[PDB]
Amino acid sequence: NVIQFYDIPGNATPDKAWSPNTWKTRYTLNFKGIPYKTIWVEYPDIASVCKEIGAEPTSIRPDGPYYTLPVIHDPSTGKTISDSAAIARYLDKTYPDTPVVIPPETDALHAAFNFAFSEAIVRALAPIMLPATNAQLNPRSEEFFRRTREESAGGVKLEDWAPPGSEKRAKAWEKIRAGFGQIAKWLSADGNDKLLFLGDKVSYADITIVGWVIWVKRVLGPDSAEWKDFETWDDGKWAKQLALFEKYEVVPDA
């Protein structure tokens, strides 16, 4: 009767957890110390599971509703909640004696932050990270993932997005680096070079960063040349942020 947490398995790590969006929620559940069970769902099975547990789609597009993980279902409440930001607000509200991740006065600014973060980071990560995460998916997720991502890119095959050693890949990295350079400026805009957005207390905004960053580390690989370069950017700010949350970087087989 614990909270049920829906995740997509991958082969990047033995514990199977790789997704940037589900890591945001997994970090959230771990940081709040709330117990949960993990339910593993292949990409093509996501919509039929959501329909079957009553999860709202996270956006409605031309061709219909679009279902994503993370989803949690809270049996203590009956509620099914989809989207990591919505899950964070739900957990803040339903388990108020856990550490708050979105203090109410910062709620709107957190929603502004998620947009600024998508533009500066998610869009730049894609040409390198999506072909990489595709290469570690189970066969039925690869079929679905390749087909849909290649289609959303106009038909450009993943292998052509940014081949190793190419200049496409090299300029993808430069825009990635610039993106994280912007987050570095936000975190030091008043002269005080912070690791956390609020200063001393963890916020969902920090959980957002480490969620996307642990995705890079785990899929590119901790010993990959590109990841070890990444650890040195902005005097290792991003490596350091990961370290702070390492106690919460946990996939309980239990």
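Just count from 1 along the sequence shown to find any residue number.
- As the entry records it, the average C-alpha temperature factor is higher for 164 to 172, out of 123 to 131 and 164 to 172.
- Looking at mean Cα B-factors across 214 to 222 and 56 to 64, the upper value is held by 56 to 64.
- Among the modelled residues of its chain, residue 188 has a C-alpha B-factor that falls in the middle third according to the deposited record.
- Residue-level temperature factors show residue 118 in the lowest third of its chain, judged at the C-alpha atom.
- For residue 101, the recorded CA temperature factor ranks within the middle third of the chain's modelled residues.
- Among the modelled residues of its chain, residue 202 has a C-alpha B-factor that falls in the middle third according to the deposited record.
- Among all modelled residues in this chain, the alpha-carbon of residue 3 has a temperature factor (C-alpha) in the middle third.
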